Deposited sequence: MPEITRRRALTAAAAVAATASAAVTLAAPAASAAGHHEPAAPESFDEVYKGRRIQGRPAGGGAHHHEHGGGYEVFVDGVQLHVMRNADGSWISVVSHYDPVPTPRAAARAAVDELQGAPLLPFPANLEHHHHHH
């Protein structure tokens, strides 16, 4: 049950980072709440009813959701 690998990329113009902590995601340096489901999928607070396979997928879904908007710290 060990955590996913870290990641760091620019996705649609915004920096997304993930790292084991039990895992943290940031969008342009602002932490984004994420959660892992028992089956290994992930969600974020801006997609909290929509499981996706990985934390990077959840970070990318957040950038899609935000449509350029700054994230507020949670």
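*Asks:* Against the full deposited sequence, which stretches does the structure leave out?
*Replies:* Comparing the full sequence with the modelled residues, the uncovered ranges come out as 1-38, 60-70, 124-134.
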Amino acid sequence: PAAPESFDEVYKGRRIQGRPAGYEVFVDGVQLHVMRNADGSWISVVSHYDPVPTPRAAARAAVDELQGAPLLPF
From here on, numbers count along this sequence of modelled residues.
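*Asks:* Looking only at CA atoms, which has the higher mean B factor in the entry: 1-9 or 63-71?
*Replies:* That would be 1-9.
*Asks:* Using the B-factor values recorded in the entry, state whether the Cα atom of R56 falls in the lowest, middle or highest third among the modelled residues of its chain.
*Replies:* CA B-factor rank for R56: lowest third.
*Asks:* Sort the modelled residues of this chain by their C-alpha B factor and say whether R15 lands in the lowest, middle or highest third.
*Replies:* Middle third, going by the recorded CA B-factors of the chain.
*Asks:* Name the third of the chain's ranked CA B-factors that contains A38, choosing lowest, middle or highest.
*Replies:* Within its chain, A38 is a highest-third residue by C-alpha B-factor, going by the deposited values.
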